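Student: quick one: experimental structure and sequence below.
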Amino acid sequence: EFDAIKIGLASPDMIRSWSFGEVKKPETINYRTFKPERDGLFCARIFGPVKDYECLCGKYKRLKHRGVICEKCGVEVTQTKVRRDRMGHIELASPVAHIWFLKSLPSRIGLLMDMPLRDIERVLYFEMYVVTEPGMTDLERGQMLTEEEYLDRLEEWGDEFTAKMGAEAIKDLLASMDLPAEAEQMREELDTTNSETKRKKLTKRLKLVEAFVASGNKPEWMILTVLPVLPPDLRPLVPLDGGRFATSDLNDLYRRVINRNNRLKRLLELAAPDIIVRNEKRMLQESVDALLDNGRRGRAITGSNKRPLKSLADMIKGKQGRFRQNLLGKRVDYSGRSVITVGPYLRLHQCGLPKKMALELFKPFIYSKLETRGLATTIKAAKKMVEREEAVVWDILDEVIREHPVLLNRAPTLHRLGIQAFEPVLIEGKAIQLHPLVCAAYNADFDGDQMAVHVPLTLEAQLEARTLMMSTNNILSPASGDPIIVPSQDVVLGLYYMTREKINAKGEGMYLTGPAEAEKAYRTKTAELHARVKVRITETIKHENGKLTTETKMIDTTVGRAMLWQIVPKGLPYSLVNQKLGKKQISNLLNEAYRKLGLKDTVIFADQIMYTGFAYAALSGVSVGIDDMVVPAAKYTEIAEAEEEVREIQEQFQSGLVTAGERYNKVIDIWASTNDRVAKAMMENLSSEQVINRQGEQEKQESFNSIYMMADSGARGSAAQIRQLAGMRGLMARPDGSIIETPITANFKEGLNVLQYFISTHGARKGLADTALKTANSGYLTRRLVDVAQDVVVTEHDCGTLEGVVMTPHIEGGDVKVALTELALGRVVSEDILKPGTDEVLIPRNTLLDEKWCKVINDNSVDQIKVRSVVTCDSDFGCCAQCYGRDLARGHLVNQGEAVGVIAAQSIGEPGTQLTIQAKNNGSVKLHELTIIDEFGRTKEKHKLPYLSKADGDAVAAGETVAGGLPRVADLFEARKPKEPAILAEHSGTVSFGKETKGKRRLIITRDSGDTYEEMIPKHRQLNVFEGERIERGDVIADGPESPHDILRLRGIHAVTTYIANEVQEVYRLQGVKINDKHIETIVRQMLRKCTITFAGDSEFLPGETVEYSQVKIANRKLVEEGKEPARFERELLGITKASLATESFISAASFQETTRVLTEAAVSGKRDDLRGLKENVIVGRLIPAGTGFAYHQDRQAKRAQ
Amino acid sequence: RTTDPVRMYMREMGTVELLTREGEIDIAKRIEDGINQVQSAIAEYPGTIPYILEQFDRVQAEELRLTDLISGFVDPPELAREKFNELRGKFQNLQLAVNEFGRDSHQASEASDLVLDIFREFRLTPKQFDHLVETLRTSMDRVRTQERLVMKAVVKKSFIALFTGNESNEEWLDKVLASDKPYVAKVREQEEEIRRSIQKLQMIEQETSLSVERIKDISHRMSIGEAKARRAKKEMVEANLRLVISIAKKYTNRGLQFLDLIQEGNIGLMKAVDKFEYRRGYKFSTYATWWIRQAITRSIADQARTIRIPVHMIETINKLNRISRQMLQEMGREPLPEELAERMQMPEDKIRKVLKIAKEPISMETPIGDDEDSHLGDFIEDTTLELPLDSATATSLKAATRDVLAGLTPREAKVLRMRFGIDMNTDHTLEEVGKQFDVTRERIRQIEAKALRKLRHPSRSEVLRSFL
Ligand SMILES: [Mg+2]
Ligand SMILES: [Zn+2]
Ligand SMILES: [Zn+2]
């Protein structure tokens, strides 16, 4: 229907064209008949009838008189919904300035008329005159005259000039402006001005003037002479129970405006002193600004409830505004909500749904099927049949939901796994039954959690749920590619208990034909689950090339391991099961099954694994008791020793040998050491036992303690938890950060007294409050990240570029932080991977690195490679499939139309809550910084070189001595300037000292061309470089944190990308969170989209203009095709917020934040939104240009091009 | 330095000193002097006195209101009849000697002067005062427009020289025609339009019989008088602005803001000065307080409610509140409606009707809940919507009616359809349904009865039965 949206100033003619009449009275309704009053705020003659196809008289009342005007009323006989569309207008007695174009800094009126804002307010507030027409007089336009001064120059000239007051004077000044002549004057001054600040002033004013000239808008339209009036149904006055009425504040504001306007007309008719007219005009201006934006101009008007009235701007802006409460988020039909229980009998694609809830949700479908099969003649018969709850109604409901997927959601929805499609199974009850294996995806536990359910209606939605949203499809984490349906808690405990090993168990040493005989022996009580036996195992290997090789052989194992092998699918080695199985082992099993067998086998294997784990956890009988918290006997003696030597050191302190701070520090150190030793002793005591084998010798065996098993299996609990249960709680902190000298020496088994519990609460309250605030901080960060990268959609397949990023293993000392396989898995190479020391091509170009090629790279010991990356992609809009690589949640190459930006933002934002020289290797030494490389050629040590046993190329042996988390992420993504940034080298030249000016110091640099540049360095700066030294561009002058803008400006795009990626991955890796770096690269690409045009060329671009990058790239391509002067640019780095507010579409920017500023800018400029991104299409109800709708939008630009 | 308009308003009104008694008398004397000059200027008009005389002729015949004719008598129908008879006699004497003895003769001038003196001893109602003002204002404005059109057409010095006596005389036209300057060709061409303009002027001058100088002098005198009176009244109100704000303070927090009350009090005070009298010997504050009070109270009663309550019902509510407070103080509990009805001398039903309609509609942003995010407005239903099941039922009913009527004969189904208005814009009664083929009404009735008779057959009526 429509293809674009414009915005711009509204002329009085346009407002009159919108209006269906003029509101002349503040009347709303009659107090007796409750009917609309004529020429009022709710007039039926202006806005339409109150009843459908009726008029206020009652003479024309049926549909026969549609479209006729009641000659004695004027009410058009039509539908009442026209009262939601028909607008009115008020003819203001005096012009009123628009509040948005006056007080939203920068003031458009202010810099169009090149005079300060306070001057304009003084004129508007009726305090100072302005000369509009100077005539044959020395006065100049815009010069202010006081009242007495005004009479002086009136009596000394007369009618030769004109001086006025108020918004009328501003309108006269703005209407007489000759915009082209002003523009020419600004350009001429711009060329001939030598001050850059003045240049910024003039370029702003010239941009605004040229925007006015090109958009066709006129400046005088910023002053309102006709005020539009909203339709009554959007500002309702409706009755409540008991005769009370509910109204909107817009009614009060409009009534105030109308009353003051009518009083102004009355005062202009009955000739009044100028003071009264001036006061009335002030009131009119104040009322209009309050209606448009309450509280901006001054004190906000309050209603009868003593709270500020909320205006149109408040109704379009804010968290509770129309954009965010009703457009980007809505309440929907065919939805339900219930508490969630656990269904251990369900499959991965099934969810338990209550019968009553499904009956309510699927009511129209039941009606349709009852009508189709003939059990109901009409729809009311079906309604009563459903309400009476017959049996055939239940059969119809069974057949309706037979293959109708349903969407389950849990709030908050941090990532896309928070909503999934399941097949419903009707259960008698009131709670939704959820499969355990999906709980980790929902972050759901059964302590009172509630989930929402939604019913897709059309066939497209059902197939999207079945293909994309089905729980069986989403079993890989899109953030890292690891499985998300890994078992936890009782499944892990059962698989651990079944796979443990015991000495001298019943049936030890027996020979078994296979897993079936092991199960038979277990069921007959011949052998225990932990008996060490020999089993004949037939094992099939599927190789990388697909070869299927089966080998049968005798393996030493346990009974439980064979019974678990009974369910393992063919194609996996037995070594994956011939061990005790913790959480990591089961995760490895699932990963291997996915990598070598596929998806269906993985789902079946996971279901069988969780069945078996639950069954044998139930059969184990694992229980927690007070005797399982064994407290080592060494704890009491060690506490006694620590206390005695505390007494000794306190006595020594009384002798004055050491100070108080030293005593505090060493007491803390001894208490930390005592805690560590007590924890170690408790772990050693708890982790082992002594048994008797078949020979009678005492043997050392792993303990079967319940808490030890829980902690070691990874089901729940860690070493620290056991330490507080059975050892020492340790040192706790005073709530300002300081650590109390005395620690807690009692665990939870023995119990604490009053002060120990008080110190515990000190930290408990802080932890709770920190979680509460950090959740909101992470939510705001993820909102910003979603909005900055919402436009990124895979639009092509190959972008035809040669650029790429060079990747190496990360080294932060003498050990690796991440292997090259982890970083290179799922990417596409840019240039051919040549084998080191050889010219052969091991890996060709444009090939995806899967596990096989990763193992190849690991075998051939490649240190550095280079692959395609999103930021280096040169697609005009979005990115291409090759530059993005593998889709982590799917395992293959990313499909066209994938919203990679939203996935990236969710992946980064989801773990926000979890947030807060001796050589060691044998090899050679290389200098660049110091590098130590093994004989294979992999650089495995990177060390700093402050300004050495071995020189360059000298071999070094082992042991030779050559010699705050989430705020940090937010600051990195906002590109915040450090408080004390490191000063960098602007250009490669020789350093020299300069004149030490008072206050702060100056330095000079001499370039290769002999030009000298002066740098302004503060006094309190540690200066590193020395005079006469040629420092390269980007060298550190003063140490400190590096600003991202500086490294982008001086070093390059790859440098800033690497910096941001490394910092973000460091903060996410300290907490042990796995996030792929392509998401960060997408965010960085969205951070690099603008450019300051330096060399203007001739493509219409002012110097110093912040244009957007791909427009320049396209324009440069056309210019090259024309062989005519191209343009040169410098790329800027903008934070996610600033980049979001700087996007081309004004709808998305308005919906994000700062709606008033964005709307004012767009309206003055006359912007045009073409609806290319996700958010605008979401707001206007159209299909998003991503995923299933992508092709549809493509067809649109197939039509617009033709 | 400030953004509140109230403070700027007080700054502006505080720059003028406060007046005393003698200042009030001086300003009132200036107003009366201006009014007297305006009355004297208008009295020098041949059409003014006849209007007053005929108005008195109608009034004395007991056919018109006496108050509408005059409002008072200046003293330095017992008495009005004699004065108006004297005025009529002097008008007859003046008409006898207006032109027979000569316009420049002393008799006419003396008669006009004494007519002015007689008319100065009159206080006319402002209505016909402004009515006579407007006619001469329109005549002067039309003369100005014609003169400016002539000036624009001709464009000089010759017109200025002959403007005193030959502005509209044909001698100016004859001399222009006689002139032979190089630019007189286009002037002669425009002489046709100038002739039309002066012909239009002849009717005005014969209506006035004053040529050009006399009407100009009258207009100048009237303008001077009105300007002087306006200046005096403006000074007087600028003085009393402080009384306005002092009185308007007492009625705040009644739905209207302070500045609006101040402006309404200002309007009421201007009305007060429009009818102030200083001969009574009473100061201005006493008279002005009543008018400021009435303006403020009327504005509050008319503009302080979303749903307007008439003034009389506002008074009823206020008196009910006062009596309720008195009874509450007297017995110690809220007075029940019967007791208030007995006290207020009205039936109980009227008291209840007053009670229910004294409410002020609530806001839709009232915080409903501990968390301020929720509001009342989001818990309001839309009662005008049609339930989807009802729309589906309507569609099914249309389909079933079509199916039932399709099993009926063409003529007969047409009769039913275009009697009940099915699939057509309007409905038809028996007459136009008859006018199709058979104009007789009774056959249409009988065929419709046959329609219903076959339509209640169980073989073809089961489907429509389920819709009840
Ligand atoms: Mg919970
Ligand atoms: Zn009507
Ligand atoms: Zn690409």
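Tutor: Thanks, I have the structure now. Numbering: from 1, shown residues only, chains lettered A, B, ... in the order given. Ligands and ions are numbered 1, 2, ... in the order given.

Student: centre-most residue in chain B?
Tutor: Centroid-nearest residue in chain B: residue B:127, 14.2 Å away (criterion: C-alpha atoms, centre = their mean).

Student: is it within a helix or a strand, and which one?
Tutor: For residue B:127, the element it lies in under DSSP states H and E is helix B:126-154.

Student: ok, now which ones touch the residue nearest to the centre of chain B?
Tutor: By C-beta atoms under 8 Å, 6 or more residues apart in numbering or on different chains, residue B:127 lies in contact with residue B:68. All C-beta atoms are positioned from the backbone trio N, CA, C, and that covers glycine.

Student: okay, which residue is most central for chain A?
Tutor: Among the residues of chain A, the one closest to the centroid is residue A:782, at 2.2 Å (C-alpha atoms, centre = their mean).

Student: how about the nearest residue to that residue, chain neighbours excluded?
Tutor: Among residues not flanking residue A:782 along the chain, residue A:909 sits closest, at 2.7 Å (C-beta to C-beta, 6 or more residues apart in numbering or on different chains).

Student: mind listing what's buried along the helix or strand where residue B:342 lies?
Tutor: Per DSSP H and E: residue B:342 is located in helix B:337-344. Residues of helix B:337-344 classed as buried by neighbour count (16 or more other C-beta atoms under 10 Å in any protein chain shown): B:339, B:340, B:341, B:344.

Student: just the closest of those residues to residue A:537, please.
Tutor: Using C-beta to C-beta, residue B:340 is the member of these that sits closest to residue A:537, with 99.9 Å.

Student: next one: the closest one from ligand 2, what distance?
Tutor: In this view, residue B:340 and ligand 2 are 40 Å apart by C-beta to the ion, to the nearest Å.

Student: so what's the residue count around the residue of the stretch 701-850 of chain A found nearest chain B?
Tutor: Using C-beta to the nearest C-beta, the point where the stretch 701-850 of chain A gets nearest to chain B is residue A:776, with a distance of 14.4 Å. Using other C-beta atoms under 10 Å in any protein chain shown, residue A:776 has 9 other residues around it.

Student: double-check that residue B:262 belongs to a strand.
Tutor: No - counting by DSSP: H, G, I helix; E, B strand; the rest coil, residue B:262 falls outside a strand, being helix.

Student: OK, contacts around it?
Tutor: A:279, B:9, B:244, B:245, B:248.

Student: re earlier: I'd assumed residue A:787 was in contact with the residue nearest to residue A:782.
Tutor: No - checked against C-beta atoms under 8 Å, the pair residue A:909 and residue A:787 is beyond contact range at 11.5 Å.

Student: tell me how far the closest residue to ligand 1 within the stretch 351-468 of chain B lies from ligand 2.
Tutor: For the stretch 351-468 of chain B, the nearest residue to ligand 1 under the criterion C-beta to the ion is residue B:371, separated by 21.1 Å. Using C-beta to the ion, residue B:371 is found at 47 Å from ligand 2.

Student: ok and the residue in chain B nearest ligand 3?
Tutor: Counting by C-beta to the ion, chain B gets nearest ligand 3 through residue B:373, at 44.2 Å.

Student: SS state for that residue?
Tutor: On the three-state scheme (three-state DSSP), residue B:373 is labelled coil.

Student: against residue B:120, how distant is the nearest residue to it once chain neighbours are set aside?
Tutor: If the residues on either side of it in the chain are set aside, residue B:373 comes closest to residue A:320, at 6.7 Å by C-beta to C-beta, 6+ apart. Per C-beta to C-beta, to the nearest Å, residue A:320 is found 71 Å from residue B:120.

Student: which residues does whichever residue of the stretch 201-350 of chain B sits closest to ligand 1 contact?
Tutor: Nearest residue of the stretch 201-350 of chain B to ligand 1, counting by C-beta to the ion: residue B:306, 47.6 Å away. Contacts for residue B:306 (C-beta under 8 Å, 6+ apart) come out as A:28, A:237, A:245, A:247, A:251, A:252, A:255, B:360, B:361.

Student: which residues sit in contact with residue 72?
Tutor: You didn't say which chain, so I picked chain A. By C-beta under 8 Å, 6+ apart, the neighbours of residue A:72 are A:57, A:59.

Student: try again with chain B
Tutor: If you count contacts by C-beta under 8 Å, 6+ apart, residue B:72 has them with residue B:123.

Student: for it, grab phi and psi.
Tutor: Main-chain dihedrals, residue B:72, degrees, to the nearest 10: phi -180, psi 180.

Student: okay, and the beta partners of it?
Tutor: For residue B:72, the beta-bridge partners are residue B:123 (DSSP bridges).

Student: quick one: it from residue B:124, how far?
Tutor: 9 Å.

Student: verify the stated contact: residue B:337 with residue B:352.
Tutor: Yes - using C-beta under 8 Å, residue B:337 is in contact with residue B:352, at 6.0 Å.

Student: please indicate which of the contacts of residue B:306 are buried?
Tutor: Buried members of the contacts of residue B:306, counted by 16+ other C-beta under 10 Å: A:28, A:237, A:245, A:247, A:251, A:252, A:255, B:361.

Student: relative to chain A, how far out is the last one?
Tutor: Right, the one you point to is residue B:361. For residue B:361, the distance to chain A (C-beta to the nearest C-beta, to the nearest Å) stands at 3 Å.

Student: residues of the stretch 901-1050 of chain A that sit close to ligand 2?
Tutor: When proximity is defined by C-beta under 5 Å from the ion, the stretch 901-1050 of chain A lies next to ligand 2 nowhere.

Student: residue of the stretch 901-1050 of chain A closest to chain B, please.
Tutor: residue A:913 (22.2 Å).
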